[PDB]
Amino acid sequence: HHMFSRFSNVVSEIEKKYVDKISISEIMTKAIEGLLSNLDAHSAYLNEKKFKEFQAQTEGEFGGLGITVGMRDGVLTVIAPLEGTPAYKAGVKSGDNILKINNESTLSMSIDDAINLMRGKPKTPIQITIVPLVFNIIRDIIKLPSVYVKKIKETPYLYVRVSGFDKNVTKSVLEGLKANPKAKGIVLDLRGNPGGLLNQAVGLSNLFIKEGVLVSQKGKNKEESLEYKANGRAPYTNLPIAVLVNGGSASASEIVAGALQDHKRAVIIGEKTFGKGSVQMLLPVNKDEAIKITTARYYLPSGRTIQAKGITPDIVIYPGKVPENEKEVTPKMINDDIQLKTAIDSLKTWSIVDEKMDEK
Amino acid sequence: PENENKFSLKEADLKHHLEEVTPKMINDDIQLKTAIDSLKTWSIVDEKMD
Amino acid sequence: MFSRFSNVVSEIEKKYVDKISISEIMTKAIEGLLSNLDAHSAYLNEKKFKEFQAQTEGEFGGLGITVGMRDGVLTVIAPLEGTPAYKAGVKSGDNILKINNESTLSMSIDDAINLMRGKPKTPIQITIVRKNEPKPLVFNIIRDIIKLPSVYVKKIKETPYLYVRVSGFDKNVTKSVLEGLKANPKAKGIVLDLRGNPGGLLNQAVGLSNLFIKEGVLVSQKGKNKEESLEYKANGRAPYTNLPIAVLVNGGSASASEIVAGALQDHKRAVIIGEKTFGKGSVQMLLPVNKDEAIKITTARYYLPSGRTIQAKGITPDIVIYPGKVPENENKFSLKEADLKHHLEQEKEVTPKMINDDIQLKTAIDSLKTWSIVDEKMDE
Numbered sequence: 044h045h046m047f048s049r050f051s052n053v054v055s056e057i058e059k060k061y062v063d064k065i066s067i068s069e070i071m072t073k074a075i076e077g078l079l080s081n082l083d084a085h086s087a088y089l090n091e092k093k094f095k096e097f098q099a100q101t102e103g104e105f106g107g108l109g110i111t112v113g114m115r116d117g118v119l120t121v122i123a124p125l126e127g128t129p130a131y132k133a134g135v136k137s138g139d140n141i142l143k144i145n146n147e148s149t150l151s152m153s154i155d156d157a158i159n160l161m162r163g164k165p166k167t168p169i170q171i172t173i174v181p182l183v184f185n186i187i188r189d190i191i192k193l194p195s196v197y198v199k200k201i202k203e204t205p206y207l208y209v210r211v212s213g214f215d216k217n218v219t220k221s222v223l224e225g226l227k228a229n230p231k232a233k234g235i236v237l238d239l240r241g242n243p244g245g246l247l248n249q250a251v252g253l254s255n256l257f258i259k260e261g262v263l264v265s266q267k268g269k270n271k272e273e274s275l276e277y278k279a280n281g282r283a284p285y286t287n288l289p290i291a292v293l294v295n296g297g298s299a300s301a302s303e304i305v306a307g308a309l310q311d312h313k314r315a316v317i318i319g320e321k322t323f324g325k326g327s328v329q330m331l332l333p334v335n336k337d338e339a340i341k342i343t344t345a346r347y348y349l350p351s352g353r354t355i356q357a358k359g360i361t362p363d364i365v366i367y368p369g370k371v372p373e374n375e416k417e418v419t420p421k422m423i424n425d426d427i428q429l430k431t432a433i434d435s436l437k438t439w440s441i442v443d444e445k446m447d448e449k
Numbered sequence: 372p373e374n375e376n377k378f379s380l381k382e383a384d385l386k387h388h389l390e417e418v419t420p421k422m423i424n425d426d427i428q429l430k431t432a433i434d435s436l437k438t439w440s441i442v443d444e445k446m447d
Numbered sequence: 046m047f048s049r050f051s052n053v054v055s056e057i058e059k060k061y062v063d064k065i066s067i068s069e070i071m072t073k074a075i076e077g078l079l080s081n082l083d084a085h086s087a088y089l090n091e092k093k094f095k096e097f098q099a100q101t102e103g104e105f106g107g108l109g110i111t112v113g114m115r116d117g118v119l120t121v122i123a124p125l126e127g128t129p130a131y132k133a134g135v136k137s138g139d140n141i142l143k144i145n146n147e148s149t150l151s152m153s154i155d156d157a158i159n160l161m162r163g164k165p166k167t168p169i170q171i172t173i174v175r176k177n178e179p180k181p182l183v184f185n186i187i188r189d190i191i192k193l194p195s196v197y198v199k200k201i202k203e204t205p206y207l208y209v210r211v212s213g214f215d216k217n218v219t220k221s222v223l224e225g226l227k228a229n230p231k232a233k234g235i236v237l238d239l240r241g242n243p244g245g246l247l248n249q250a251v252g253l254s255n256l257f258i259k260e261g262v263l264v265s266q267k268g269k270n271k272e273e274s275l276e277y278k279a280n281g282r283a284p285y286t287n288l289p290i291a292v293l294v295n296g297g298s299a300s301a302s303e304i305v306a307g308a309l310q311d312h313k314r315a316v317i318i319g320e321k322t323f324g325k326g327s328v329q330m331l332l333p334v335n336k337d338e339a340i341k342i343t344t345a346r347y348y349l350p351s352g353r354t355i356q357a358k359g360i361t362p363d364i365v366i367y368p369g370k371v372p373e374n375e376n377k378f379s380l381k382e383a384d385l386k387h388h389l390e391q392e416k417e418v419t420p421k422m423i424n425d426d427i428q429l430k431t432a433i434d435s436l437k438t439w440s441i442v443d444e445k446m447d448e
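What follows is the structure, encoded as structure tokens:
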């Protein structure tokens, strides 16, 4: 049909007068990648690689080598081998310089290339040469700990770290809270957490809130207007919660922090967040490719929007080391994190205030 | 700790994004700031207890 | 014949958070396609096509920054000599991060220049990143009229040679060079300094080259279409055809500055001294596409007389010399015959202090000294 005429005319002029040759398949992918990137800040066309990368971030698995790697000391260096992974089982160690992966030198290549060489299907052979020691290892499915909880030394409180909203967040938190039945408070650390699945943000907040709306969505008029209310089966309604957020906290991390803030269920500590106030949905197009679209705007229980504003925490602090002079969170770790110290001290105050109430 | 040390990225500056005790006294007394932050937590707890 | 565009438009039209007309989608697809096609591309709607000689202004002032994109980010090619940005301390290769308060993360080089243009009496803030610096630098610069003598000619003291500085190809260069050469008829060599010169009008690159090259192609323009490819040949009207020339270029030399440098180099007409240039060598053109709409896309790129391309590669100098001060002003109480027992007795300008701060300039003069010796040997 004769719509899309204004776009087809531009494609014809590019075909006819552009400096290079380029194909229509190259033109149309550029236009599809271009149009999605020009609708919103967060809508995009996911290539076959990037649609699998998204699915890795959702499952908590990626079948790689089992190392955290970076370009520290100007060369590829093993930051840390992950426990139970092939690289840990083979004896690769932190600080080792990755000199060659298979037989290819890693010097002139980017970390984005090294990821592609090291990652792959599980039970596939891979060799790496490091400084030279040579390791022959089979690739395997790596589990990424989306949530881990560890007790804070010499205090009754518990540190709950949620690195990202994977399919395991609400269960890993709930099982971690059950594993510490005598904890008097949790530090929910959502710093640098880019967000994730909406189902887990609602799930994690519903674990703590017994009554009320958790988040609302609007995308067309105000008729669908989906609203998530608490199911009333929240076990941990009274326990003190201190939430850590920063400029890397976005999307699902701000829904949890915003819901706890609006219900005054927790104290928000840190610095103002990224301010993503939209809900993305991806609908697969090809057998291995998908389209990601901004589908709605999410509103906090008070009805206030967070879009482009972010969450202003109840207690602003910014990072730093604590002043001092004359498997657990040790006081040496707290002394390097003024934000973690501030979060623990708010639990100390909360624990005192509720003891003023248990008196007569 | 410093008021910030970041020219960091927010959605407020992305492409196509949908749209007598002064602070000078408190910022030199981390002891005073910690005391105020404890009142901020107290007033939140005694508001949850509605 | 690609249906997957319609599949994407169909899902956008019903799944997007806001309702947008198909017209809005088509503009965002055209604007998006050009954004992923070329870094010099732009979409001109009905207004900006009609208004292509002012940013809705009658004032015309700017900073003096030539903007380009390398390493996938907006980089300063070179600040013009004597412009407010040059005086403010903006340096070549600086990556521009914010303009006023607007981030440049996904901004086109044609959008950035329009933010920099403005009234010649008003402040503007830019935030840039520099390689060895810890934090981004914030520059508060006030716009001004950019016009200033692009060319000056200075005699080099105690040498027959003269220093010709071309700050930019700014409409005045070929005349200002020819007049300076006419004003110094007793010279024997030119140090043609095109360092930090981000280019300008092609008419001055071809014009300045015609003063020195008698015959042959100066530069060629060639694209996909084998017709309409143009090559600019030199006139027989070249005066200074024999005179020694040493050309200085660096990472700030681009566009017309690389055309003149590459043409003189490929014709073995001059010696190129300094360091590898920026590499801007393409010509964009405006194409009317729809009813009073236009698109700006690169239609051809520049090719040297040797057939080499300018775009991603640039000019490699014949003599590579990174900047620095001349090493020693002697450093010895050494022994000679002059101070030996019972020895047999004996029967405006460019100052040496300026040359001793610039080995690049010294290399250019020393390259002319070798030029003049060969011309004495071959004249016998």
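Protein chains in written order, with PDB author numbering: chain D, 44 to 174, 181 to 375, 416 to 449; chain E, 372 to 390, 417 to 447; chain C, 46 to 392, 416 to 448.
Think of the CB as a built atom: it goes at the ideal place given N, C-alpha and C, for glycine as much as any other residue.
| Check | Outcome |
| --- | --- |
| From the DSSP secondary-structure annotation, give me the bridge partner or partners of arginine 346/C. | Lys267/C, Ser327/C |
| If you count every other CB in all the chains shown that lies within 10 Å of the CB of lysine 325/D, and 16 or more means buried, which is it? | buried |
| By the criterion of Cβ-Cβ separation under 7 Å, what are the contact partners of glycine 77/C in chain D? | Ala74, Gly77, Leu78, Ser80, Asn81 |
| Which of helix, strand or coil does DSSP assign to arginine 240/D? | coil |
| Does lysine 73/C pass the burial test, meaning 16 or more other C-beta atoms within 10 Å, or should it be called exposed? | buried |
| Does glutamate 56/C get closer than 8 Å to chain D when you measure Cβ to Cβ? | yes |
| Less than 8 Å between the C-beta atoms of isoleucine 360/C and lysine 321/C, yes or no? | yes |
| Spell out whether any CB of chain E is found under 8 Å from the CB atom of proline 181/C. | yes |
| Under 8 Å, Cβ to Cβ, is there at least one residue of chain E near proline 372/D? | yes |
| With a cut-off of 8 Å on the beta carbons, I'd call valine 236/D and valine 196/D a contact; round off their distance for me. | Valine 236/D to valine 196/D, Cβ: 13 Å. No contact. |
| Kindly list the residues whose CB is nearer than 6 Å to the CB of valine 316/D, restricted to its own chain and excluding five residues on each side of it in sequence; keep chain order. | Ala291, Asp363, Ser435 |
| Check distances from the C-beta atoms of the segment 424-436 of chain D to those of chain E and list, in chain order, the residues that come in under 7 Å. | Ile427, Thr431, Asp434, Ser435 |
| My output table needs one value for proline 194/C: the three-state DSSP class, helix, strand or coil. | coil |
| Is it true that the segment 195-210 of chain C meets the segment 417-432 of chain C, where meeting means three or more beta-carbon pairs spaced less than 8 Å apart? | yes |
| Taking the alpha carbon of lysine 437/D as the point to measure from, which residue in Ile67/D, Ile158/D, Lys60/D, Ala232/D has its own alpha carbon closest? | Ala232/D |
| Output, in sequence order along the chain, the residues in the segment 261-275 of chain D whose CB is closer than 9 Å to any CB in chain C. | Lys267, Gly268, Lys269 |
| Can you check whether the C-beta of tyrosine 367/D is within less than 8 Å of a C-beta belonging to chain C? | no |
| In the DSSP assignment, the beta strand (DSSP E) including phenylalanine 184/D goes from what residue to what residue? | 182-187 |
| Under 8 Å, Cβ to Cβ, is there at least one residue of chain C near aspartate 384/E? | yes |
| Going by alpha carbons, who is nearest to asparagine 81/C out of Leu275/C, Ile342/C, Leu309/C? | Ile342/C |
| What three-state label does DSSP hand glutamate 272/C in the structure shown? | coil |
| Smallest Cα separation from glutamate 444/C: which of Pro289/C, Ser300/C, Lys370/C, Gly109/C? | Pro289/C |
| Look at the Cβ atom of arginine 346/C, then the Cβ atom of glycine 297/C, and state whether they are nearer than 8 Å. | no |
| Thinking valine 174/C and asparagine 140/C are a contact (beta carbons under 8 Å), I'd like their distance in whole angstroms, please. | 4 Å |
| Across which residues does DSSP place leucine 89/C in a beta bridge pair? | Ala339/C |
| Work out the CA separation of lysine 220/D and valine 112/C for me, nearest whole Å. | 52 Å |
| Kindly say whether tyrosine 61/C, judged by its beta-carbon, lies nearer than 8 Å to any beta-carbon of chain D. | yes |
| Flag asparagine 52/C as yes if its beta-carbon sits less than 8 Å from any beta-carbon of chain D, otherwise no. | yes |
| Can you list, in chain order, the residues of the segment 142-167 of chain C whose Cβ is nearer than 9 Å to any Cβ on chain E? | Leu142, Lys143, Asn146, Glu147, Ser148, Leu150, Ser151, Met152 |
| Starting from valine 209/C and walking both ways along the beta strand (DSSP E), at which residues does that stretch end? | 207-211 |
| Does any residue of chain F bring its CB to less than 8 Å from the CB of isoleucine 364/D? | Reference to chain F is not applicable here, since the protein chains of this structure are D, E and C. |
| Ends of the beta strand (DSSP E) at residue 27/C? | Given a span of 46 to 448 for chain C in the structure shown, any question on residue 27/C remains unanswerable. |
| Cβ of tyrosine 277/C within 8 Å of Cβ of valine 262/C? | yes |
| Does the segment 299-314 of chain C touch the segment 379-391 of chain C, meaning 3 or more C-beta pairs lie closer than 8 Å? | no |
| Do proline 194/D and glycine 213/D have their C-beta atoms within less than 8 Å of each other? | no |
| Would a check of beta-carbon distances place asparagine 177/C closer than 8 Å to chain D? | no |
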